[PDB]
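The structure file entry-v2.cif is reproduced below (mmCIF, N, CA and C atoms).
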data_target
loop_
_atom_site.label_atom_id
_atom_site.label_comp_id
_atom_site.auth_asym_id
_atom_site.auth_seq_id
_atom_site.Cartn_x
_atom_site.Cartn_y
_atom_site.Cartn_z
N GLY A 79 13.60 -27.82 -7.77
CA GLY A 79 12.33 -27.05 -7.72
C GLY A 79 12.00 -26.56 -6.32
N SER A 80 10.88 -27.04 -5.78
CA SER A 80 10.45 -26.65 -4.44
C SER A 80 10.21 -25.14 -4.36
N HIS A 81 8.95 -24.76 -4.18
CA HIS A 81 8.59 -23.35 -4.08
C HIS A 81 8.15 -23.00 -2.67
N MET A 82 7.39 -23.89 -2.04
CA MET A 82 6.91 -23.67 -0.69
C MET A 82 8.02 -23.90 0.33
N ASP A 83 7.98 -23.15 1.42
CA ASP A 83 8.99 -23.27 2.47
C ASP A 83 8.39 -22.97 3.85
N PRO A 84 8.21 -24.01 4.69
CA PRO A 84 7.64 -23.84 6.03
C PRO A 84 8.59 -23.11 6.98
N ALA A 85 9.83 -22.90 6.54
CA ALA A 85 10.82 -22.22 7.35
C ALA A 85 10.89 -20.73 7.02
N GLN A 86 10.28 -20.34 5.90
CA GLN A 86 10.27 -18.95 5.47
C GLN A 86 9.06 -18.21 6.03
N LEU A 87 8.81 -18.39 7.33
CA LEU A 87 7.69 -17.74 7.99
C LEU A 87 8.12 -16.43 8.64
N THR A 88 9.38 -16.35 9.03
CA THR A 88 9.92 -15.15 9.67
C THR A 88 9.74 -13.93 8.77
N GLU A 89 10.18 -14.05 7.52
CA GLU A 89 10.07 -12.94 6.57
C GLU A 89 8.63 -12.45 6.47
N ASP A 90 7.68 -13.35 6.70
CA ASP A 90 6.27 -12.99 6.65
C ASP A 90 5.91 -12.16 7.88
N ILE A 91 6.33 -12.64 9.04
CA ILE A 91 6.07 -11.95 10.30
C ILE A 91 6.67 -10.55 10.29
N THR A 92 7.91 -10.44 9.84
CA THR A 92 8.59 -9.15 9.79
C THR A 92 7.90 -8.22 8.79
N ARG A 93 7.67 -8.71 7.57
CA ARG A 93 7.03 -7.90 6.54
C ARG A 93 5.69 -7.34 7.01
N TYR A 94 4.83 -8.20 7.54
CA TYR A 94 3.53 -7.77 8.03
C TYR A 94 3.67 -6.63 9.03
N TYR A 95 4.46 -6.86 10.08
CA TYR A 95 4.68 -5.84 11.10
C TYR A 95 5.28 -4.58 10.50
N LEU A 96 6.26 -4.76 9.62
CA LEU A 96 6.93 -3.64 8.97
C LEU A 96 5.93 -2.68 8.34
N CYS A 97 5.07 -3.21 7.48
CA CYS A 97 4.06 -2.40 6.81
C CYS A 97 3.16 -1.70 7.82
N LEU A 98 2.79 -2.43 8.87
CA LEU A 98 1.93 -1.88 9.92
C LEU A 98 2.58 -0.68 10.59
N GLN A 99 3.84 -0.85 10.99
CA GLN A 99 4.58 0.22 11.65
C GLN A 99 4.83 1.39 10.70
N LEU A 100 5.32 1.08 9.51
CA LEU A 100 5.61 2.11 8.51
C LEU A 100 4.36 2.92 8.19
N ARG A 101 3.28 2.23 7.86
CA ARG A 101 2.02 2.90 7.53
C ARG A 101 1.48 3.67 8.73
N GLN A 102 1.81 3.20 9.93
CA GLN A 102 1.35 3.86 11.15
C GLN A 102 2.08 5.18 11.36
N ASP A 103 3.37 5.20 11.05
CA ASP A 103 4.17 6.41 11.20
C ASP A 103 3.77 7.47 10.18
N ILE A 104 3.40 7.02 8.98
CA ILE A 104 3.00 7.93 7.92
C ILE A 104 1.68 8.61 8.25
N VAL A 105 0.66 7.82 8.57
CA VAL A 105 -0.65 8.35 8.90
C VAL A 105 -0.59 9.33 10.08
N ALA A 106 0.34 9.08 11.00
CA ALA A 106 0.50 9.94 12.16
C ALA A 106 1.40 11.14 11.87
N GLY A 107 1.96 11.18 10.66
CA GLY A 107 2.83 12.27 10.28
C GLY A 107 4.13 12.26 11.07
N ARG A 108 4.62 11.06 11.38
CA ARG A 108 5.86 10.91 12.13
C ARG A 108 7.08 11.03 11.22
N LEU A 109 6.85 11.26 9.93
CA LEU A 109 7.94 11.39 8.97
C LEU A 109 7.53 12.31 7.81
N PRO A 110 8.39 13.27 7.44
CA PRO A 110 8.11 14.20 6.34
C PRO A 110 8.08 13.50 4.99
N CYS A 111 6.95 13.60 4.30
CA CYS A 111 6.79 12.98 2.98
C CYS A 111 6.06 13.92 2.03
N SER A 112 6.06 13.58 0.75
CA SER A 112 5.39 14.39 -0.26
C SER A 112 4.07 13.76 -0.68
N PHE A 113 3.22 14.56 -1.32
CA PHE A 113 1.91 14.09 -1.77
C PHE A 113 2.05 12.87 -2.67
N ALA A 114 2.97 12.94 -3.63
CA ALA A 114 3.19 11.85 -4.57
C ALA A 114 3.50 10.54 -3.84
N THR A 115 4.42 10.58 -2.89
CA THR A 115 4.79 9.39 -2.14
C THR A 115 3.62 8.90 -1.30
N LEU A 116 2.89 9.84 -0.71
CA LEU A 116 1.73 9.50 0.11
C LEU A 116 0.73 8.71 -0.71
N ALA A 117 0.44 9.20 -1.91
CA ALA A 117 -0.50 8.55 -2.81
C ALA A 117 0.06 7.24 -3.37
N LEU A 118 1.37 7.21 -3.61
CA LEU A 118 2.01 6.01 -4.16
C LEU A 118 2.03 4.89 -3.13
N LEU A 119 2.54 5.19 -1.93
CA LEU A 119 2.61 4.20 -0.87
C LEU A 119 1.22 3.73 -0.48
N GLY A 120 0.26 4.65 -0.54
CA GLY A 120 -1.11 4.31 -0.21
C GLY A 120 -1.75 3.43 -1.26
N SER A 121 -1.64 3.85 -2.52
CA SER A 121 -2.20 3.10 -3.64
C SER A 121 -1.72 1.66 -3.64
N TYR A 122 -0.48 1.45 -3.22
CA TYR A 122 0.09 0.11 -3.17
C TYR A 122 -0.50 -0.69 -2.02
N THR A 123 -0.55 -0.07 -0.84
CA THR A 123 -1.10 -0.73 0.34
C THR A 123 -2.56 -1.10 0.12
N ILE A 124 -3.30 -0.21 -0.53
CA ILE A 124 -4.72 -0.45 -0.81
C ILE A 124 -4.89 -1.65 -1.73
N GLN A 125 -4.16 -1.65 -2.84
CA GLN A 125 -4.23 -2.74 -3.81
C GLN A 125 -3.85 -4.07 -3.16
N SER A 126 -2.90 -4.02 -2.23
CA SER A 126 -2.46 -5.22 -1.53
C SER A 126 -3.44 -5.61 -0.44
N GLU A 127 -4.19 -4.63 0.07
CA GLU A 127 -5.16 -4.88 1.13
C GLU A 127 -6.45 -5.44 0.57
N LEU A 128 -6.88 -4.89 -0.56
CA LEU A 128 -8.12 -5.31 -1.19
C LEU A 128 -7.88 -6.06 -2.50
N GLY A 129 -6.62 -6.22 -2.87
CA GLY A 129 -6.30 -6.92 -4.10
C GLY A 129 -6.68 -6.13 -5.33
N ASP A 130 -6.86 -6.83 -6.44
CA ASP A 130 -7.23 -6.19 -7.70
C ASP A 130 -8.56 -5.44 -7.56
N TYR A 131 -8.74 -4.41 -8.37
CA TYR A 131 -9.96 -3.61 -8.33
C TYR A 131 -11.12 -4.36 -8.97
N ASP A 132 -12.34 -3.96 -8.63
CA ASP A 132 -13.54 -4.59 -9.17
C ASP A 132 -14.65 -3.56 -9.38
N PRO A 133 -14.71 -2.96 -10.58
CA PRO A 133 -15.73 -1.95 -10.91
C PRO A 133 -17.15 -2.50 -10.78
N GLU A 134 -17.28 -3.82 -10.85
CA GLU A 134 -18.58 -4.46 -10.74
C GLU A 134 -19.22 -4.19 -9.39
N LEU A 135 -18.39 -4.00 -8.37
CA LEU A 135 -18.87 -3.73 -7.02
C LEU A 135 -18.88 -2.23 -6.73
N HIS A 136 -17.97 -1.51 -7.37
CA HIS A 136 -17.87 -0.06 -7.18
C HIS A 136 -17.53 0.27 -5.73
N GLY A 137 -17.35 1.55 -5.45
CA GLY A 137 -17.03 1.98 -4.10
C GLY A 137 -16.88 3.48 -3.99
N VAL A 138 -15.97 4.04 -4.77
CA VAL A 138 -15.72 5.47 -4.77
C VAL A 138 -15.11 5.92 -3.44
N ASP A 139 -15.90 5.84 -2.37
CA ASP A 139 -15.44 6.24 -1.05
C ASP A 139 -14.96 5.03 -0.24
N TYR A 140 -14.45 4.02 -0.93
CA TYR A 140 -13.96 2.81 -0.28
C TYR A 140 -12.63 3.08 0.43
N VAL A 141 -11.85 4.00 -0.13
CA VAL A 141 -10.56 4.35 0.45
C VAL A 141 -10.71 4.93 1.85
N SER A 142 -11.92 5.38 2.17
CA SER A 142 -12.21 5.96 3.48
C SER A 142 -12.03 4.93 4.60
N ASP A 143 -11.94 3.65 4.23
CA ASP A 143 -11.76 2.59 5.21
C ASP A 143 -10.29 2.42 5.59
N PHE A 144 -9.40 2.87 4.70
CA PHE A 144 -7.97 2.76 4.95
C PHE A 144 -7.33 4.14 5.11
N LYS A 145 -6.73 4.37 6.27
CA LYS A 145 -6.08 5.64 6.56
C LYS A 145 -4.75 5.76 5.84
N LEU A 146 -4.73 6.51 4.75
CA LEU A 146 -3.52 6.70 3.96
C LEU A 146 -2.70 7.88 4.48
N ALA A 147 -3.34 8.77 5.24
CA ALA A 147 -2.67 9.93 5.79
C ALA A 147 -3.59 10.72 6.72
N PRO A 148 -3.02 11.64 7.52
CA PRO A 148 -3.80 12.46 8.46
C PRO A 148 -4.65 13.50 7.74
N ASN A 149 -4.06 14.15 6.74
CA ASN A 149 -4.76 15.17 5.98
C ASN A 149 -5.13 14.66 4.59
N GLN A 150 -6.09 13.74 4.55
CA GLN A 150 -6.54 13.16 3.29
C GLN A 150 -7.52 14.09 2.58
N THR A 151 -7.17 14.50 1.36
CA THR A 151 -8.02 15.39 0.57
C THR A 151 -8.43 14.73 -0.74
N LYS A 152 -9.39 15.33 -1.42
CA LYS A 152 -9.87 14.80 -2.70
C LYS A 152 -8.70 14.47 -3.61
N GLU A 153 -7.65 15.28 -3.54
CA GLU A 153 -6.46 15.07 -4.36
C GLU A 153 -5.80 13.74 -4.02
N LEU A 154 -5.41 13.58 -2.76
CA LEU A 154 -4.78 12.35 -2.30
C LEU A 154 -5.70 11.16 -2.53
N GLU A 155 -6.98 11.35 -2.20
CA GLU A 155 -7.97 10.29 -2.38
C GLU A 155 -8.05 9.86 -3.84
N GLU A 156 -8.26 10.83 -4.72
CA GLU A 156 -8.36 10.56 -6.15
C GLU A 156 -7.14 9.77 -6.64
N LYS A 157 -5.96 10.27 -6.32
CA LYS A 157 -4.72 9.63 -6.73
C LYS A 157 -4.65 8.19 -6.23
N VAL A 158 -5.26 7.93 -5.08
CA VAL A 158 -5.27 6.59 -4.51
C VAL A 158 -6.08 5.63 -5.37
N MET A 159 -7.32 6.02 -5.67
CA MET A 159 -8.21 5.20 -6.48
C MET A 159 -7.72 5.12 -7.93
N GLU A 160 -7.23 6.25 -8.44
CA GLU A 160 -6.73 6.32 -9.81
C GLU A 160 -5.58 5.35 -10.02
N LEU A 161 -4.55 5.47 -9.19
CA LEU A 161 -3.38 4.60 -9.28
C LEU A 161 -3.77 3.14 -9.11
N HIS A 162 -4.70 2.88 -8.20
CA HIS A 162 -5.16 1.52 -7.94
C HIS A 162 -5.67 0.86 -9.22
N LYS A 163 -6.61 1.51 -9.89
CA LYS A 163 -7.18 0.99 -11.13
C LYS A 163 -6.19 1.15 -12.29
N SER A 164 -5.31 2.14 -12.18
CA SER A 164 -4.33 2.41 -13.22
C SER A 164 -3.37 1.23 -13.39
N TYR A 165 -3.22 0.43 -12.33
CA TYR A 165 -2.33 -0.72 -12.37
C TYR A 165 -2.97 -1.88 -13.12
N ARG A 166 -2.28 -2.38 -14.14
CA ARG A 166 -2.77 -3.49 -14.95
C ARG A 166 -2.86 -4.76 -14.11
N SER A 167 -2.79 -5.92 -14.76
CA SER A 167 -2.86 -7.20 -14.07
C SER A 167 -1.64 -7.40 -13.18
N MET A 168 -1.59 -6.67 -12.07
CA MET A 168 -0.48 -6.77 -11.13
C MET A 168 -0.74 -7.85 -10.09
N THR A 169 0.33 -8.50 -9.65
CA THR A 169 0.22 -9.56 -8.65
C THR A 169 0.40 -8.99 -7.25
N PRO A 170 -0.11 -9.70 -6.22
CA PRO A 170 0.00 -9.26 -4.83
C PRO A 170 1.45 -8.96 -4.44
N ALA A 171 2.33 -9.93 -4.67
CA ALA A 171 3.74 -9.77 -4.35
C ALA A 171 4.30 -8.47 -4.91
N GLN A 172 3.87 -8.12 -6.12
CA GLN A 172 4.32 -6.90 -6.77
C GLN A 172 4.01 -5.68 -5.90
N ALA A 173 2.80 -5.64 -5.36
CA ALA A 173 2.38 -4.54 -4.50
C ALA A 173 3.19 -4.53 -3.21
N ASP A 174 3.34 -5.70 -2.60
CA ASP A 174 4.10 -5.83 -1.36
C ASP A 174 5.53 -5.32 -1.56
N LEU A 175 6.12 -5.68 -2.69
CA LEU A 175 7.47 -5.26 -3.03
C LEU A 175 7.52 -3.78 -3.39
N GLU A 176 6.43 -3.28 -3.96
CA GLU A 176 6.35 -1.88 -4.37
C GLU A 176 6.51 -0.93 -3.18
N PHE A 177 5.71 -1.13 -2.14
CA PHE A 177 5.78 -0.28 -0.96
C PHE A 177 7.06 -0.55 -0.17
N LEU A 178 7.38 -1.83 0.02
CA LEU A 178 8.58 -2.20 0.75
C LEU A 178 9.83 -1.65 0.06
N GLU A 179 9.86 -1.77 -1.26
CA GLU A 179 10.98 -1.28 -2.05
C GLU A 179 11.05 0.24 -2.01
N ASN A 180 9.89 0.87 -1.92
CA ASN A 180 9.81 2.33 -1.86
C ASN A 180 10.29 2.83 -0.50
N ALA A 181 9.76 2.23 0.56
CA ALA A 181 10.14 2.60 1.92
C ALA A 181 11.62 2.36 2.16
N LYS A 182 12.13 1.26 1.60
CA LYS A 182 13.54 0.91 1.75
C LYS A 182 14.42 1.86 0.94
N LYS A 183 13.90 2.33 -0.19
CA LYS A 183 14.64 3.25 -1.05
C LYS A 183 14.68 4.65 -0.45
N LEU A 184 13.74 4.94 0.45
CA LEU A 184 13.67 6.24 1.09
C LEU A 184 14.37 6.23 2.45
N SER A 185 14.68 5.03 2.95
CA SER A 185 15.34 4.88 4.24
C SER A 185 14.44 5.35 5.38
N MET A 186 13.17 4.93 5.32
CA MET A 186 12.20 5.30 6.35
C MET A 186 12.53 4.62 7.67
N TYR A 187 13.09 3.42 7.60
CA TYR A 187 13.45 2.67 8.79
C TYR A 187 14.82 2.03 8.64
#
Structure encoded using structure tokens:
Amino acid sequence: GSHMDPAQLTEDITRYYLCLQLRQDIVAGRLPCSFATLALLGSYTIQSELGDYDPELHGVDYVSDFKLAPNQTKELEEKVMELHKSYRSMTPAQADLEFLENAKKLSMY
């Protein structure tokens, strides 16, 4: 068995920084991407940043706190919130793997 691992801290350090750098390059437009990917990578980061959605609290303009891109428009914004709530009972790891798997599949770094 054994699930916890005090030695598996490196992967955490790398992953955290990775997302920070990757998301930083995107928002700054340091890499050519499409609207769909922008909204997809963003929707995942948002869900992982704020976890599952909660209509009880509402927000609408909550995405304004997270920079998903330099030229954020109602379209990109909408797709961000839509995809976020569109995701069923998804787990945190799923989101982390979603963006990481996407960035790795695109060869961003």
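Relative to CA of residue 87 in chain A, atom C of residue 106 in chain A is found at 29.8 Å.
Considering only N, CA and C atoms, the residue among A:83, A:187, A:125, A:135 positioned nearest to residue 170 in chain A is A:125.
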Going by the chain IDs and residue numbers used in this file, which residues fall under the PyMOL selection byres ((chain A and resi 126) around 8)? Write them as a short mmCIF file (atom, residue, chain, number, x, y, z; two decimals) with N, CA and C atoms, in the frame of the given file.
data_model
loop_
_atom_site.label_atom_id
_atom_site.label_comp_id
_atom_site.auth_asym_id
_atom_site.auth_seq_id
_atom_site.Cartn_x
_atom_site.Cartn_y
_atom_site.Cartn_z
N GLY A 120 0.26 4.65 -0.54
CA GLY A 120 -1.11 4.31 -0.21
C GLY A 120 -1.75 3.43 -1.26
N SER A 121 -1.64 3.85 -2.52
CA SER A 121 -2.20 3.10 -3.64
C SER A 121 -1.72 1.66 -3.64
N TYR A 122 -0.48 1.45 -3.22
CA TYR A 122 0.09 0.11 -3.17
C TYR A 122 -0.50 -0.69 -2.02
N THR A 123 -0.55 -0.07 -0.84
CA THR A 123 -1.10 -0.73 0.34
C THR A 123 -2.56 -1.10 0.12
N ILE A 124 -3.30 -0.21 -0.53
CA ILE A 124 -4.72 -0.45 -0.81
C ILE A 124 -4.89 -1.65 -1.73
N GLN A 125 -4.16 -1.65 -2.84
CA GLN A 125 -4.23 -2.74 -3.81
C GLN A 125 -3.85 -4.07 -3.16
N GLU A 127 -4.19 -4.63 0.07
CA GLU A 127 -5.16 -4.88 1.13
C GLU A 127 -6.45 -5.44 0.57
N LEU A 128 -6.88 -4.89 -0.56
CA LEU A 128 -8.12 -5.31 -1.19
C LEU A 128 -7.88 -6.06 -2.50
N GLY A 129 -6.62 -6.22 -2.87
CA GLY A 129 -6.30 -6.92 -4.10
C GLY A 129 -6.68 -6.13 -5.33
N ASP A 130 -6.86 -6.83 -6.44
CA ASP A 130 -7.23 -6.19 -7.70
C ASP A 130 -8.56 -5.44 -7.56
N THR A 169 0.33 -8.50 -9.65
CA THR A 169 0.22 -9.56 -8.65
C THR A 169 0.40 -8.99 -7.25
N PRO A 170 -0.11 -9.70 -6.22
CA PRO A 170 0.00 -9.26 -4.83
C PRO A 170 1.45 -8.96 -4.44
N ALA A 171 2.33 -9.93 -4.67
CA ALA A 171 3.74 -9.77 -4.35
C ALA A 171 4.30 -8.47 -4.91
N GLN A 172 3.87 -8.12 -6.12
CA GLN A 172 4.32 -6.90 -6.77
C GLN A 172 4.01 -5.68 -5.90
N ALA A 173 2.80 -5.64 -5.36
CA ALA A 173 2.38 -4.54 -4.50
C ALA A 173 3.19 -4.53 -3.21
N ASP A 174 3.34 -5.70 -2.60
CA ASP A 174 4.10 -5.83 -1.36
C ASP A 174 5.53 -5.32 -1.56
#
Margin query: Report, in Å to a single decimal, how far apart atom C of residue 150 in chain A and atom C of residue 175 in chain A are.
Written below: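 For atom C of residue 175 in chain A relative to atom C of residue 150 in chain A, the distance reads 24.1 Å.
CA of residue 156 in chain A to CA of residue 133 in chain A spans 15.3 Å [interatomic distance, one decimal].
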Note to self: Give me, as number ranges by chain, the residues of chain A that a backbone DSSP run labels helix (DSSP H, G or I).
What the structure shows: A: 88-105, 113-128, 140-143, 152-164, 170-184
For this file, the PyMOL selection byres ((chain A and resi 147) around 6.5) selects which residues, as a PDB file with N, CA and C atoms, in the frame of the given file?
ATOM      1  N   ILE A 104       3.400   7.020   8.980  1.00  0.00           N
ATOM      2  CA  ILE A 104       3.000   7.930   7.920  1.00  0.00           C
ATOM      3  C   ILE A 104       1.680   8.610   8.250  1.00  0.00           C
ATOM      4  N   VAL A 105       0.660   7.820   8.570  1.00  0.00           N
ATOM      5  CA  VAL A 105      -0.650   8.350   8.900  1.00  0.00           C
ATOM      6  C   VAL A 105      -0.590   9.330  10.080  1.00  0.00           C
ATOM      7  N   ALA A 106       0.340   9.080  11.000  1.00  0.00           N
ATOM      8  CA  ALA A 106       0.500   9.940  12.160  1.00  0.00           C
ATOM      9  C   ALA A 106       1.400  11.140  11.870  1.00  0.00           C
ATOM     10  N   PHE A 144      -9.400   2.870   4.700  1.00  0.00           N
ATOM     11  CA  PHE A 144      -7.970   2.760   4.950  1.00  0.00           C
ATOM     12  C   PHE A 144      -7.330   4.140   5.110  1.00  0.00           C
ATOM     13  N   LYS A 145      -6.730   4.370   6.270  1.00  0.00           N
ATOM     14  CA  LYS A 145      -6.080   5.640   6.560  1.00  0.00           C
ATOM     15  C   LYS A 145      -4.750   5.760   5.840  1.00  0.00           C
ATOM     16  N   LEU A 146      -4.730   6.510   4.750  1.00  0.00           N
ATOM     17  CA  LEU A 146      -3.520   6.700   3.960  1.00  0.00           C
ATOM     18  C   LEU A 146      -2.700   7.880   4.480  1.00  0.00           C
ATOM     19  N   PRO A 148      -3.020  11.640   7.520  1.00  0.00           N
ATOM     20  CA  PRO A 148      -3.800  12.460   8.460  1.00  0.00           C
ATOM     21  C   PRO A 148      -4.650  13.500   7.740  1.00  0.00           C
ATOM     22  N   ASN A 149      -4.060  14.150   6.740  1.00  0.00           N
ATOM     23  CA  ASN A 149      -4.760  15.170   5.980  1.00  0.00           C
ATOM     24  C   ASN A 149      -5.130  14.660   4.590  1.00  0.00           C
ATOM     25  N   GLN A 150      -6.090  13.740   4.550  1.00  0.00           N
ATOM     26  CA  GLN A 150      -6.540  13.160   3.290  1.00  0.00           C
ATOM     27  C   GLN A 150      -7.520  14.090   2.580  1.00  0.00           C
TER      28      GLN A 150
END
Next item on the list: Have a look at A:186, A:118, A:98, A:181 and name the one nearest to residue 161 in chain A; count only N, CA and C atoms.
Entry: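 So, comparing all the options, the nearest one is A:118.
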